[PDB]
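Enquirer: Turn this into a structure:
(chains A and B, ligands or ions: 2)
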Amino acid sequence: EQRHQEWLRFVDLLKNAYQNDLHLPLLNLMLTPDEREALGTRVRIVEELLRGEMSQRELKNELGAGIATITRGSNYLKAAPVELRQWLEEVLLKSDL
Amino acid sequence: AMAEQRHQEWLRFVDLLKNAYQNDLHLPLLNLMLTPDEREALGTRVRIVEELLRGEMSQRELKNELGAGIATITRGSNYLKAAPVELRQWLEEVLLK
Ligand SMILES: O=C(O)CCc1c[nH]c2ccccc12
Ligand SMILES: O=C(O)CCc1c[nH]c2ccccc12
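Expert: Residues are numbered from 1 along each chain as shown, chains lettered A, B, ... in the order given. Ligands and ions are numbered 1, 2, ... in the order given. Sharing the structure here:
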């Protein structure tokens, strides 16, 4: 329960950092290179899962990512609220015909 | 080469999250994009930063109070030392005051 408040304090700190144009150095302080790389790759995974055109072998090759992480992210995406999903489709699939 | 593509992919995440905050979708986005263990780590890292800036606890004392390992605290202290002065001063204002 207190872990939850601690998480929310991070969320609020980062909100305020974006407001003050300090988000880039804050994220450089708070995340390791491997975590930042994972987040960048997760964006690409979410995009391709929302697109829904690739097979599992194709996802692995296109994304340079492992099946275990793709599988878990797909469940997180399934569980996401439609308010978020529709916004992500708008953003991450913005070029798709 | 790898590295420059990774940086662009990172910036894409930074923009996505910026826009999620603007649309009040940051919490569901971060629930999608991070695991429970990663969120817990970030909450703990805020406390580590806070206590390093406060400068009252020893690092081993910080270990017990935060349930954290020495390796994590030592690494965090280096990231904090490397951070730009503008960020450090803002953190002191928003976390400690
Ligand atoms: O590797 C894992 O345990 C899942 C990491 C993860 C969190 N959100 C995601 C979104 C898309 C792809 C993967 C993830
Ligand atoms: O090694 C870890 O567990 C995380 C390293 C790390 C990066 N930025 C941090 C900020 C505060 C505390 C720890 C860290």
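Enquirer: In space, what's closest to residue A:5 - neighbours in sequence excluded?
Expert: residue B:43 (7.9 Å; CB to CB, 6 or more residues apart in numbering or on different chains). (Each C-beta comes from the backbone N, C-alpha and C, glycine too.)
Enquirer: Look up phi and psi at residue A:66.
Expert: The phi and psi values for residue A:66, taken as degrees, to the nearest 10, are phi -90, psi 150.
Enquirer: re the thing from before, ok, the residue nearest to residue A:5 - contacts?
Expert: Applying CB atoms under 8 Å, 6 or more residues apart in numbering or on different chains, we find residue B:43 in contact with A:3, A:5-10.
Enquirer: Can you confirm whether stretch A:77-84 lies near chain B?
Expert: Yes: judged by CB under 8 Å from any CB of the partner chain, stretch A:77-84 comes into contact with chain B at A:77, A:80-81, A:83-84.
Enquirer: out of those, what pair is the most spread apart?
Expert: Taking CB to CB as the measure, the residues of stretch A:77-84 next to chain B span a maximum distance of 13.7 Å, between A:77 and A:83.
Enquirer: Tell me which of those two has more neighbours.
Expert: Taking neighbours as other CB atoms under 10 Å in any protein chain shown, residue A:77 and residue A:83 compare with residue A:77 leading, 16 against 12.
Enquirer: buried residues in whatever helix or strand that one lives in?
Expert: Here residue A:77, judged by DSSP states H and E, is contained in helix A:67-79. Within helix A:67-79, the residues that count as buried by 16 or more other CB atoms under 10 Å in any protein chain shown are A:70, A:73, A:76-77.
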